[PDB]
>>> print(open('run-v7.txt').read())   # compact mmCIF, C-alpha atoms and all ligand atoms
# COMPACT_ATOMS: atom_id res chain seq x y z
CA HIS A 4 80.16 84.85 84.62
CA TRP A 5 83.37 83.81 86.33
CA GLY A 6 83.75 83.16 90.01
CA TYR A 7 85.06 80.54 92.45
CA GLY A 8 82.28 77.81 92.28
CA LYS A 9 82.33 74.31 90.81
CA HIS A 10 80.63 75.63 87.76
CA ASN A 11 82.47 78.89 87.16
CA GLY A 12 85.75 78.62 89.10
CA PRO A 13 89.38 78.50 88.08
CA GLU A 14 89.16 75.31 86.01
CA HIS A 15 86.63 77.09 83.75
CA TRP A 16 88.34 80.44 83.28
CA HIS A 17 90.34 79.42 80.20
CA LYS A 18 87.17 79.21 78.07
CA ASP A 19 86.66 82.96 78.32
CA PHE A 20 90.32 83.87 78.98
CA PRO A 21 92.65 81.49 77.05
CA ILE A 22 95.77 83.12 78.53
CA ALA A 23 94.73 81.16 81.67
CA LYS A 24 96.98 78.47 80.08
CA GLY A 25 99.75 80.92 79.17
CA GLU A 26 103.45 81.05 79.85
CA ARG A 27 103.56 83.41 82.86
CA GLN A 28 100.48 82.70 84.94
CA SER A 29 100.05 83.35 88.66
CA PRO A 30 100.01 82.30 91.44
CA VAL A 31 102.80 79.71 91.69
CA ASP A 32 104.32 77.46 94.28
CA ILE A 33 107.54 78.98 95.67
CA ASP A 34 110.05 76.11 96.06
CA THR A 35 112.41 77.71 98.57
CA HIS A 36 115.19 75.31 97.89
CA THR A 37 115.21 76.11 94.12
CA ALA A 38 114.76 79.87 94.31
CA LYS A 39 118.14 81.48 93.86
CA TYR A 40 119.60 84.29 95.88
CA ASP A 41 120.27 87.18 93.54
CA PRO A 42 122.76 89.57 95.08
CA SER A 43 122.00 92.06 92.30
CA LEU A 44 118.44 92.64 93.67
CA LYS A 45 117.81 95.82 95.61
CA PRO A 46 116.07 96.31 98.85
CA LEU A 47 112.55 97.21 98.21
CA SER A 48 111.49 100.80 98.76
CA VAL A 49 107.94 101.02 100.15
CA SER A 50 107.01 104.69 100.52
CA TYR A 51 103.51 104.85 102.02
CA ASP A 52 103.84 107.98 104.29
CA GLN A 53 101.52 110.02 102.04
CA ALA A 54 99.11 107.28 101.03
CA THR A 55 95.57 108.54 100.62
CA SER A 56 92.87 105.85 101.02
CA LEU A 57 89.40 106.70 99.74
CA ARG A 58 86.90 103.90 99.72
CA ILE A 59 86.28 100.20 100.31
CA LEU A 60 84.26 98.23 97.73
CA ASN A 61 82.82 94.67 97.70
CA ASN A 62 83.27 93.88 94.01
CA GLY A 63 81.66 90.39 94.19
CA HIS A 64 84.87 88.45 94.56
CA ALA A 65 86.86 90.33 97.21
CA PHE A 66 86.91 93.73 98.85
CA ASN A 67 89.19 96.42 97.53
CA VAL A 68 90.58 99.29 99.60
CA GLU A 69 91.10 102.03 96.98
CA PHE A 70 93.68 104.85 97.01
CA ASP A 71 94.03 108.21 95.29
CA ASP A 72 96.52 107.29 92.49
CA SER A 73 96.16 110.64 90.64
CA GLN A 74 99.60 111.76 91.99
CA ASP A 75 102.71 110.05 93.38
CA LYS A 76 101.66 109.54 96.97
CA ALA A 77 102.26 105.90 97.95
CA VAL A 78 104.90 104.32 95.74
CA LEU A 79 106.85 101.09 95.40
CA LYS A 80 110.31 101.17 93.88
CA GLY A 81 113.55 99.23 94.00
CA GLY A 82 113.85 95.55 94.38
CA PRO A 83 113.53 94.00 90.93
CA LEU A 84 111.76 97.10 89.57
CA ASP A 85 112.84 99.78 87.09
CA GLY A 86 111.01 102.96 87.85
CA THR A 87 108.12 104.02 90.05
CA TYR A 88 104.93 102.15 90.74
CA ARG A 89 101.88 103.83 92.33
CA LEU A 90 99.54 102.15 94.80
CA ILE A 91 95.99 101.88 93.50
CA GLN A 92 94.28 99.29 95.74
CA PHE A 93 94.78 96.39 98.05
CA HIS A 94 92.65 93.28 98.59
CA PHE A 95 92.87 89.82 100.06
CA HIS A 96 92.22 86.18 99.08
CA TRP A 97 91.17 83.80 101.89
CA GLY A 98 89.76 80.42 102.70
CA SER A 99 86.76 78.77 104.33
CA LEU A 100 89.21 77.18 106.85
CA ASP A 101 92.46 78.39 108.38
CA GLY A 102 94.45 75.79 106.42
CA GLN A 103 93.77 77.28 102.98
CA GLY A 104 93.24 80.64 101.35
CA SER A 105 96.55 81.89 99.95
CA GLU A 106 97.21 81.92 96.22
CA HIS A 107 100.96 81.59 96.34
CA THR A 108 102.23 78.62 98.37
CA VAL A 109 105.60 78.09 99.95
CA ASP A 110 107.00 74.54 99.63
CA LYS A 111 103.32 73.64 98.95
CA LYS A 112 102.26 75.27 102.31
CA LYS A 113 98.96 77.21 102.07
CA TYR A 114 98.43 80.18 104.36
CA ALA A 115 95.06 81.31 105.73
CA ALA A 116 95.00 84.35 103.43
CA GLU A 117 97.11 86.58 101.18
CA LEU A 118 97.22 90.36 100.86
CA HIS A 119 97.85 91.94 97.48
CA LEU A 120 99.04 95.57 97.36
CA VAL A 121 98.56 96.52 93.67
CA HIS A 122 100.81 99.19 92.05
CA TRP A 123 101.00 100.43 88.40
CA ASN A 124 104.07 101.70 86.53
CA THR A 125 103.81 105.42 86.15
CA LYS A 127 105.59 105.42 82.75
CA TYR A 128 102.30 104.19 81.30
CA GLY A 129 100.21 107.10 82.62
CA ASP A 130 97.14 105.20 83.93
CA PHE A 131 96.23 101.77 85.26
CA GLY A 132 94.27 100.83 82.19
CA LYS A 133 97.30 101.31 79.98
CA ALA A 134 99.72 99.72 82.44
CA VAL A 135 97.78 96.44 82.59
CA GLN A 136 98.43 96.00 78.86
CA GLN A 137 102.21 95.99 79.40
CA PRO A 138 104.54 93.13 80.52
CA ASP A 139 106.03 95.49 83.14
CA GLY A 140 102.81 97.33 83.95
CA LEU A 141 102.10 96.22 87.52
CA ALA A 142 103.95 95.33 90.67
CA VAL A 143 101.99 93.38 93.26
CA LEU A 144 103.36 93.08 96.76
CA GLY A 145 102.02 89.79 98.22
CA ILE A 146 101.98 89.18 102.00
CA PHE A 147 100.86 85.93 103.63
CA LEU A 148 98.50 85.86 106.59
CA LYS A 149 98.69 83.15 109.30
CA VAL A 150 96.25 82.85 112.20
CA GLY A 151 97.62 83.66 115.63
CA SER A 152 97.75 87.04 117.33
CA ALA A 153 95.58 89.89 115.98
CA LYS A 154 97.07 92.43 113.54
CA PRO A 155 96.12 95.78 115.08
CA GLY A 156 96.49 97.65 111.79
CA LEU A 157 93.89 95.33 110.14
CA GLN A 158 91.12 95.99 112.60
CA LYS A 159 89.77 99.14 110.91
CA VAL A 160 89.31 97.02 107.74
CA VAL A 161 87.56 94.22 109.70
CA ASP A 162 85.21 96.70 111.35
CA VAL A 163 83.84 98.13 108.16
CA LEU A 164 83.02 94.80 106.50
CA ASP A 165 79.49 94.65 107.95
CA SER A 166 78.67 97.76 105.89
CA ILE A 167 79.82 96.25 102.55
CA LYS A 168 78.39 92.80 102.97
CA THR A 169 77.16 92.30 99.45
CA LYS A 170 78.35 92.83 95.89
CA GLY A 171 78.29 96.41 94.76
CA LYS A 172 78.29 98.03 98.18
CA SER A 173 81.00 100.52 99.12
CA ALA A 174 81.86 102.73 102.06
CA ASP A 175 84.06 105.70 102.87
CA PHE A 176 87.49 104.53 103.89
CA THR A 177 89.64 107.57 104.31
CA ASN A 178 92.75 107.99 106.44
CA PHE A 179 93.77 104.31 106.50
CA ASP A 180 97.54 103.68 106.82
CA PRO A 181 98.61 100.56 104.87
CA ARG A 182 102.00 100.56 106.72
CA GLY A 183 100.13 98.81 109.49
CA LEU A 184 99.70 95.69 107.33
CA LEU A 185 103.44 95.08 106.67
CA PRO A 186 105.64 92.53 108.46
CA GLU A 187 108.98 93.55 110.00
CA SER A 188 111.17 92.19 107.21
CA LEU A 189 111.02 93.16 103.53
CA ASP A 190 112.89 89.98 102.42
CA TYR A 191 111.14 88.71 99.31
CA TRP A 192 110.87 86.36 96.34
CA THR A 193 110.17 87.75 92.89
CA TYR A 194 109.13 86.37 89.51
CA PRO A 195 107.24 87.49 86.37
CA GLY A 196 103.55 86.59 86.35
CA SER A 197 99.96 87.65 85.90
CA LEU A 198 96.76 88.92 87.46
CA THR A 199 95.21 85.99 89.44
CA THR A 200 91.66 86.89 88.42
CA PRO A 201 90.16 87.32 84.96
CA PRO A 202 91.33 88.76 82.61
CA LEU A 203 94.52 87.07 83.86
CA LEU A 204 96.76 89.58 82.01
CA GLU A 205 100.48 88.79 82.01
CA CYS A 206 101.47 92.24 83.27
CA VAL A 207 102.74 91.68 86.89
CA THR A 208 106.11 91.63 88.54
CA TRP A 209 105.33 89.64 91.65
CA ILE A 210 107.10 90.52 94.91
CA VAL A 211 106.16 88.03 97.66
CA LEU A 212 107.37 88.76 101.18
CA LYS A 213 108.92 85.86 103.14
CA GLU A 214 107.59 86.94 106.56
CA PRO A 215 103.87 86.43 107.04
CA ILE A 216 101.76 88.70 109.17
CA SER A 217 99.65 87.23 111.99
CA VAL A 218 95.95 87.90 112.27
CA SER A 219 93.48 86.57 114.79
CA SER A 220 90.98 83.85 114.15
CA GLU A 221 88.27 86.48 114.78
CA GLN A 222 89.70 88.86 112.13
CA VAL A 223 89.64 86.15 109.41
CA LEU A 224 86.22 84.87 110.61
CA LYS A 225 84.88 88.29 109.77
CA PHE A 226 86.26 88.14 106.25
CA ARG A 227 84.26 84.94 105.80
CA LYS A 228 80.94 86.67 106.66
CA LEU A 229 81.09 88.73 103.45
CA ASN A 230 78.91 87.67 100.53
CA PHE A 231 79.68 87.05 96.85
CA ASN A 232 76.04 87.79 96.01
CA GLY A 233 74.22 91.06 95.76
CA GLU A 234 71.61 92.31 98.24
CA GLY A 235 68.27 90.47 97.88
CA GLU A 236 69.95 87.46 96.30
CA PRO A 237 70.56 84.03 97.83
CA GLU A 238 73.42 84.21 100.29
CA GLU A 239 76.78 82.78 99.11
CA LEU A 240 79.56 83.34 101.65
CA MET A 241 82.68 84.98 100.25
CA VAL A 242 85.18 82.23 100.97
CA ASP A 243 87.82 80.33 99.01
CA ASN A 244 88.31 83.22 96.57
CA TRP A 245 91.80 82.00 95.63
CA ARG A 246 93.25 80.60 92.39
CA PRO A 247 95.48 77.53 92.85
CA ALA A 248 99.12 77.42 91.95
CA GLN A 249 99.80 77.39 88.20
CA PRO A 250 102.67 75.82 86.29
CA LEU A 251 105.99 77.61 86.61
CA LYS A 252 107.00 76.82 83.03
CA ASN A 253 110.08 78.66 81.87
CA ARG A 254 110.48 80.92 84.91
CA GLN A 255 113.01 81.43 87.75
CA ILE A 256 111.98 82.68 91.15
CA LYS A 257 114.69 84.94 92.68
CA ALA A 258 115.38 85.51 96.38
CA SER A 259 116.44 88.81 97.81
CA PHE A 260 118.03 87.09 100.82
CA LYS A 261 120.32 84.10 101.70
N1 LIG B 301 94.89 89.33 92.43
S1 LIG B 301 95.92 90.32 91.69
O1 LIG B 301 96.70 91.08 92.70
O2 LIG B 301 96.63 89.58 90.71
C1 LIG B 301 95.14 91.56 90.79
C2 LIG B 301 95.46 92.95 90.83
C3 LIG B 301 94.70 93.70 89.96
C4 LIG B 301 93.70 92.98 89.31
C5 LIG B 301 92.75 93.59 88.37
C6 LIG B 301 91.82 92.92 87.60
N2 LIG B 301 91.30 93.94 86.86
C7 LIG B 301 90.29 93.86 85.96
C8 LIG B 301 89.00 93.55 86.29
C9 LIG B 301 87.96 93.41 85.39
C10 LIG B 301 88.16 93.71 84.04
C11 LIG B 301 89.41 94.18 83.64
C12 LIG B 301 89.64 94.51 82.32
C13 LIG B 301 90.90 94.88 81.87
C14 LIG B 301 91.96 94.98 82.77
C15 LIG B 301 91.79 94.65 84.11
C16 LIG B 301 90.54 94.24 84.56
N3 LIG B 301 91.88 95.16 87.12
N4 LIG B 301 92.83 94.93 88.08
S2 LIG B 301 93.77 91.36 89.76
NA NA B 302 94.77 114.49 91.79
ZN ZN B 303 94.79 89.38 94.37
>>> encode(input="run-v7.txt", output="structure tokens", more="lines below")
Ligand SMILES: NS(=O)(=O)c1ccc(-c2cn(-c3cccc4ccccc34)nn2)s1
Ligand code: NA
Ligand SMILES: [Zn+2]
Amino acid sequence: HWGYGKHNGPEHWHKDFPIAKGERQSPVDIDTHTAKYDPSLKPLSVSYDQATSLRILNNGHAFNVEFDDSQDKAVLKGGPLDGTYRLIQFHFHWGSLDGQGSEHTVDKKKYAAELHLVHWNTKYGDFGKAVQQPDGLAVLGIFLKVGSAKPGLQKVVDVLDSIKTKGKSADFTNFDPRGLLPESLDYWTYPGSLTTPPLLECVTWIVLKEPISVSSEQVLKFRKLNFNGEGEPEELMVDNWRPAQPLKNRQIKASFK
């Protein structure tokens, strides 16, 4: 099966998932000089006041913090989007070293990590349906640099010891994802895909310009997770990012000048 190793990593994925070589793959490099300001874009609307977190799961390639998406509770709207998108989960991608780990890059700069807040378009009724549609998902991507600690991340960091290995989960109620956002909601947007198999071309990407800062100790703790299951040889969960893919016939739009 697929993963992030020499023998099953991103260069291999196309054998099982040929859309790996498709026309709207993610992530991409964001060339800031070529992205055009689009004054027709709206401010984003991030409405997380009623978000209801449930659980945190090590799924063997990241950890997902899962939300109750059975009603409109935590929704993303505006920006480039038509309609209402419901938060289902967030996760991260990160490196073995502070100088790598993001999936998107900015003028070829790699950040230490990247947060993905995953939302599905309510007009399609459920996530499973939405992922089959070109406008099914909206993923809010936020870069992480290493510097000062992010206080709102610490509850995440503290639970990781209890989900060390693939298949483990833990209660994760009453977590407020507002505490992971930067000050500014300035963003880039473009049409793309899931960054993990099955690589479905269903995502409107919204990538915030302002990174959040986390401490070296917070990211060190991410790197103590395991890709393996319990009782199996230990494989540290690091460098779980896909590299930048060809832009092809796409424009990246800026919400700001
Ligand atoms: N990294 S990402 O934000 O692009 C992302 C957000 C959501 C993803 C995802 C992958 N999924 C799947 C996993 C395994 C099998 C699946 C089969 C069909 C559809 C999605 C599948 N479901 N959501 S990947
Ligand atoms: Na419900
Ligand atoms: Zn992701």
>>> residues_around(input="run-v7.txt", residues="residue 240 in chain A", least_positions_apart="3", cutoff="9 Å", atoms="only C-alpha atoms", output="count of residues only")
7
>>> closest_residue(input="run-v7.txt", among="A:118, A:146, A:211, A:134", to="ligand ZN 303 (chain B)", atoms="all atoms listed in the file")
A:118
>>> atom_distance(input="run-v7.txt", atom1="CA of residue 203 in chain A", atom2="CA of residue 222 in chain A")
28.7 Å
>>> atom_distance(input="run-v7.txt", atom1="CA of residue 153 in chain A", atom2="CA of residue 113 in chain A")
19.1 Å
>>> residues_near_ligand(input="run-v7.txt", ligand="ligand LIG 301 (chain B)", cutoff="10 Å", atoms="only C-alpha atoms and all ligand atoms", output="ChimeraX atom specification")
/A:28-30,62,65,67,91-96,106,117-123,131-136,141-145,196-209,244-246
>>> closest_residue(input="run-v7.txt", among="A:176, A:51, A:40, A:97", to="residue 193 in chain A", atoms="all atoms listed in the file")
A:40
>>> residues_near_ligand(input="run-v7.txt", ligand="ligand NA 302 (chain B)", cutoff="10 Å", atoms="all atoms listed in the file", output="list in words")
residues 71, 72, 73, 74, 75 and 76 of chain A
>>> atom_distance(input="run-v7.txt", atom1="CA of residue 23 in chain A", atom2="CA of residue 68 in chain A")
25.8 Å
>>> closest_residue(input="run-v7.txt", among="A:151, A:46, A:250, A:104", to="ligand ZN 303 (chain B)", atoms="only C-alpha atoms and all ligand atoms")
A:104
>>> residues_near_point(input="run-v7.txt", point="(97.6, 99.2, 114.1)", cutoff="9 Å", atoms="all atoms listed in the file", output="tab-separated table (two decimals) with C-alpha atoms, in the frame of the given file")
chain	number	residue	atom	x	y	z
A	154	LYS	CA	97.07	92.43	113.54
A	155	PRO	CA	96.12	95.78	115.08
A	156	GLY	CA	96.49	97.65	111.79
A	157	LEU	CA	93.89	95.33	110.14
A	158	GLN	CA	91.12	95.99	112.60
A	159	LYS	CA	89.77	99.14	110.91
A	180	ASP	CA	97.54	103.68	106.82
A	182	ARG	CA	102.00	100.56	106.72
A	183	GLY	CA	100.13	98.81	109.49
A	184	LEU	CA	99.70	95.69	107.33
>>> closest_residue(input="run-v7.txt", among="A:64, A:170, A:213, A:39", to="ligand ZN 303 (chain B)", atoms="all atoms listed in the file")
A:64
>>> closest_residue(input="run-v7.txt", among="A:52, A:105, A:234, A:223", to="ligand ZN 303 (chain B)", atoms="all atoms listed in the file")
A:105
>>> residues_near_point(input="run-v7.txt", point="(104.0, 80.2, 96.2)", cutoff="8 Å", atoms="only C-alpha atoms", output="PyMOL selection string")
chain A and resi 30-34+106-111+248
>>> closest_residue(input="run-v7.txt", among="A:242, A:216, A:60, A:116", to="ligand ZN 303 (chain B)", atoms="all atoms listed in the file")
A:116
>>> build_atoms(input="run-v7.txt", residues="range 60-71 of chain A", atoms="N, CA, C and O atoms", output="PDB file, keeping the file's coordinate frame")
ATOM      1  N   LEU A  60      85.295  98.725  98.666  1.00  0.00           N
ATOM      2  CA  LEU A  60      84.260  98.230  97.730  1.00  0.00           C
ATOM      3  C   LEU A  60      84.227  96.662  97.809  1.00  0.00           C
ATOM      4  O   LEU A  60      85.241  96.038  97.618  1.00  0.00           O
ATOM      5  N   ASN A  61      83.015  96.121  97.929  1.00  0.00           N
ATOM      6  CA  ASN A  61      82.820  94.670  97.700  1.00  0.00           C
ATOM      7  C   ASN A  61      82.497  94.577  96.186  1.00  0.00           C
ATOM      8  O   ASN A  61      81.447  95.027  95.756  1.00  0.00           O
ATOM      9  N   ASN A  62      83.408  93.984  95.455  1.00  0.00           N
ATOM     10  CA  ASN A  62      83.270  93.880  94.010  1.00  0.00           C
ATOM     11  C   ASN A  62      82.717  92.516  93.573  1.00  0.00           C
ATOM     12  O   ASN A  62      82.646  92.192  92.335  1.00  0.00           O
ATOM     13  N   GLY A  63      82.202  91.699  94.503  1.00  0.00           N
ATOM     14  CA  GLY A  63      81.660  90.390  94.190  1.00  0.00           C
ATOM     15  C   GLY A  63      82.635  89.255  94.199  1.00  0.00           C
ATOM     16  O   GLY A  63      82.225  88.100  94.186  1.00  0.00           O
ATOM     17  N   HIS A  64      83.916  89.544  94.313  1.00  0.00           N
ATOM     18  CA  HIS A  64      84.870  88.450  94.560  1.00  0.00           C
ATOM     19  C   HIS A  64      85.920  88.718  95.607  1.00  0.00           C
ATOM     20  O   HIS A  64      86.548  87.764  96.093  1.00  0.00           O
ATOM     21  N   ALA A  65      86.068  89.950  96.086  1.00  0.00           N
ATOM     22  CA  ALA A  65      86.860  90.330  97.210  1.00  0.00           C
ATOM     23  C   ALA A  65      86.371  91.703  97.646  1.00  0.00           C
ATOM     24  O   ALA A  65      85.354  92.165  97.138  1.00  0.00           O
ATOM     25  N   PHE A  66      87.081  92.294  98.577  1.00  0.00           N
ATOM     26  CA  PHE A  66      86.910  93.730  98.850  1.00  0.00           C
ATOM     27  C   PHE A  66      88.210  94.429  98.519  1.00  0.00           C
ATOM     28  O   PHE A  66      89.306  94.032  98.848  1.00  0.00           O
ATOM     29  N   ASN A  67      88.046  95.579  97.829  1.00  0.00           N
ATOM     30  CA  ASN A  67      89.190  96.420  97.530  1.00  0.00           C
ATOM     31  C   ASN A  67      89.209  97.722  98.332  1.00  0.00           C
ATOM     32  O   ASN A  67      88.199  98.418  98.359  1.00  0.00           O
ATOM     33  N   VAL A  68      90.324  97.993  99.006  1.00  0.00           N
ATOM     34  CA  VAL A  68      90.580  99.290  99.600  1.00  0.00           C
ATOM     35  C   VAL A  68      91.330 100.110  98.520  1.00  0.00           C
ATOM     36  O   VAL A  68      92.425  99.753  98.080  1.00  0.00           O
ATOM     37  N   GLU A  69      90.654 101.189  98.120  1.00  0.00           N
ATOM     38  CA  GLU A  69      91.100 102.030  96.980  1.00  0.00           C
ATOM     39  C   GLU A  69      91.817 103.274  97.482  1.00  0.00           C
ATOM     40  O   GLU A  69      91.431 103.862  98.495  1.00  0.00           O
ATOM     41  N   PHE A  70      92.827 103.667  96.704  1.00  0.00           N
ATOM     42  CA  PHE A  70      93.680 104.850  97.010  1.00  0.00           C
ATOM     43  C   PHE A  70      93.569 105.910  95.883  1.00  0.00           C
ATOM     44  O   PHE A  70      93.311 105.566  94.724  1.00  0.00           O
ATOM     45  N   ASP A  71      93.877 107.130  96.265  1.00  0.00           N
ATOM     46  CA  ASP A  71      94.030 108.210  95.290  1.00  0.00           C
ATOM     47  C   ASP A  71      95.370 107.965  94.576  1.00  0.00           C
ATOM     48  O   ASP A  71      96.437 108.136  95.209  1.00  0.00           O
TER      49      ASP A  71
END
